[PDB]
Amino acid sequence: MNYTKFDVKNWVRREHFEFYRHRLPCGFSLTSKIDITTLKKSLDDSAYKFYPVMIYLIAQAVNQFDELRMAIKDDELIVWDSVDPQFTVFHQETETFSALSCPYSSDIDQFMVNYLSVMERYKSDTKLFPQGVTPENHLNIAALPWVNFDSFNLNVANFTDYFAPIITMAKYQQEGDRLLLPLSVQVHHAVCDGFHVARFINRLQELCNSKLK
């Protein structure tokens, strides 16, 4: 299948996993500022657009780390081989959003073909989930482009066993020499530590700072 059954008895965080999944169920959010000065220059010298690039770069970082691709399936801890981004789409006419997903690809050009195509087919589709059920192997990416925020947190009544990372971006802004993007990351404590979140962000910063292709 497109996942592997994870070895829970020989894993180093096995005590942690049960602690934060059942004894003390919890998660955490942290918002950090990502330096997008270099990425703006690269976007500038290409035909790619900001949102799709951020989706692609977020999914790329997510797909490099096992702990951000965890889930429970048939009462077992699995690791997705790969995850596809589920992102929000604003409808300026209705002032409502839809949530769309498209296959992740390592090739940035193929990713762009996927995004545009799905963006093509459901552009004016105001259902909350135009495509139907959300793929099991997903990551959530949202965007708040109209306002800059220093912090964002989702207060959820019931989060038992939902391990997919929640990522939210705000409007970027010039802070002296740098163009900074606020990025909120919300994770479940059973599968992720502060280290795992820092790693992802640091990795995401690297990617912003590198050639697109």
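Residue indices: 1-based, along the sequence shown.
When the two stretches 6-14 and 198-206 are set side by side, the higher mean Cα temperature factor goes to 6-14. With 27-35 and 167-175 compared on mean CA B-factor from the PDB entry, the stretch scoring higher is 167-175.
Considering 141, 108, 99, 72 together, the PDB entry gives 72 the largest C-alpha B factor. Residues shown: 48, 56, 152, 146. Highest C-alpha temperature factor in the entry: 48. When the modelled residues of the chain are ordered by their C-alpha B factor, residue 86 lands in the lowest third. Sorting the modelled residues of the chain by their CA temperature factor places residue 160 in the highest third.
The deposited CA B-factor of residue 60 belongs to the middle third of values across its chain.
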